[PDB]
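What follows is each chain in one-letter form.
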Amino acid sequence: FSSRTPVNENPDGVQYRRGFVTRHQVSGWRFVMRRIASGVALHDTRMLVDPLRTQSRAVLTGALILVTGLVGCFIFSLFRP
Amino acid sequence: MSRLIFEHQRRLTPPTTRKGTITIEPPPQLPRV
């Protein structure tokens with residue numbers, strides 16, 4: 001339900017400096033960064049499909065396959081005689 | 001001064017301009033996560 005943040009009308013109140021980074025903020029930053037990257041490498045900003053994110057995901061999936069096979073053969077060496 | 005007579009006719013129309021306001025949709029309302 002409630003989501004708001006009215007304007008503070010008190011001059012003697014508290015002002016919240018030194019903000020952190022929210023999950024929302026970091027997601028928005030990652031999005032705008034992927035959008036700039038798309039607009040630079042390609043000439044798309046409509047972002048209907050992002051092949052760059054797919055490529056990065058592909059390389060990281062390769063890395064995950066790597067580390068998974070590694071730990072798998074490791075525990076295989078240990079458990080088996 | 002005055003040594004020749006110029007005749008006044010319809011001005012050539014300026015390129016079209018418009019006053020019609022341009023509304024913009026309000027941004028999304030910050031979904032959850």
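About the criteria used
- Residues numbered from 1 in each chain as written, not as in the entry; some residues may be left out.
- Chains lettered and ligands numbered in written order.
- Part of a larger assembly, values for the part shown.
- Heavy atoms only, no water.
- Helix = DSSP H or I, 4+ residues; strand = E, 2+ residues; numbered from the N terminus.
- Rg over C-alpha atoms; globule rule 2.2 N^0.38 Å.
- Buried < 20%, exposed > 50% of the residue type's maximum accessible area, 1.4 Å probe, protein only.
- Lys, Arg positive; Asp, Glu negative; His and termini not counted.
- Charge placed at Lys NZ, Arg CZ, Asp CG, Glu CD.
- Contact = heavy atoms within 4.5 Å.
- Buried area = accessible area lost by both parts, 1.4 Å probe.
- Salt bridge = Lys/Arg side-chain N within 4 Å of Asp/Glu carboxyl O.
- Patch = residues over 30% accessible without salt bridge, like charges linked within 9 Å, V, L, I, M, F, W, Y side chains within 5 Å.
- Areas by Shrake-Rupley, 256 points an atom, 1.4 Å probe, with all protein chains shown as cover.
- UniProt positions renumbered as here; feature names shortened; annotations may be inferred.
- Polar contact = N/O pair within 3.5 Å; in protein donor to acceptor, adjacent residues only side chain to side chain.

Listed as the method for this PDB entry is cryo-EM; the listed resolution is 3.7 Å.

This entry's official PDB title is "A complete structure of the ESX-3 translocon complex".

Under the PDB entry, the name given to chain A is ESX-3 secretion system ATPase EccB3, and the source organism is Mycobacterium smegmatis.

Remarks on the overall build of chain A
Per the secondary structure count, chain A includes two helices and zero strands. Taking 12 Å as the expected radius of gyration for a compact globule of 81 residues, we find that chain A reaches 23 Å, considerably beyond that expectation. The C-alpha extent of chain A, read off along each of the three principal axes, is 75 × 40 × 30 Å. Within chain A, the proportion of its 81 residues that are buried is 5%. Between the mean site of the 11 positive side-chain charges and the mean site of the 4 negative ones, chain A shows a separation of 16 Å.

A look at the interface of chain B and chain A
Chain B puts four residues into the contact, and the matching count from chain A is four residues. Contact between chain B and chain A buries roughly 280 Å² in total, counting both sides, with carbon and sulfur atoms accounting for 53%. If you sort the residues of chain B by the area they bury against chain A, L30, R32 and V33 of chain B come out on top, with a joint share of 85%. The tally of links from chain B across to chain A stands at zero salt bridges.

Considering a nonpolar patch on the surface
Residues and elements named next belong to chain A. On the surface, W29, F31, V32, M33, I36 and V40 cluster together into a nonpolar patch covering about 590 Å² of accessible area. Here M33 is to be found in helix α1 (residues 23-41). The partly exposed category is assigned to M33, whose relative accessible area is 35%.

Notes on the UniProt feature "transmembrane region" in chain A
The UniProt record annotates "transmembrane region" at residues 59-79 of chain A. Secondary structure across residues 59-79 of chain A divides into 100% helix and 0% strand, with the first and last C-alpha atoms of the span separated by 30 Å.

Describing unusual backbone geometry
The backbone phi angle of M47 of chain A is positive, close to 60°, even though this residue is not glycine. You can see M47 of chain A is positioned in the loop between α1 and α2 (51-79). Residue classification places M47 of chain A among the buried residues on the basis of a relative accessible area of 18%. The backbone phi angle of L30 of chain B is positive, close to 60°, even though this residue is not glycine. Of the residues examined, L30 of chain B reaches a relative accessible area of 57% and is grouped as exposed.

Describing the side chain of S38 of chain A
Residue and element names in this part refer to chain A. Within the fold, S38 resides in helix α1. We classify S38 as buried; its relative accessible area is 2%. In terms of polar contacts, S38 uses its side chain to reach the backbone carbonyl oxygen of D44, at 3.2 Å. Excluding residues that lie within four positions of it along the chain, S38 makes contacts with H43, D44, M47 and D50.

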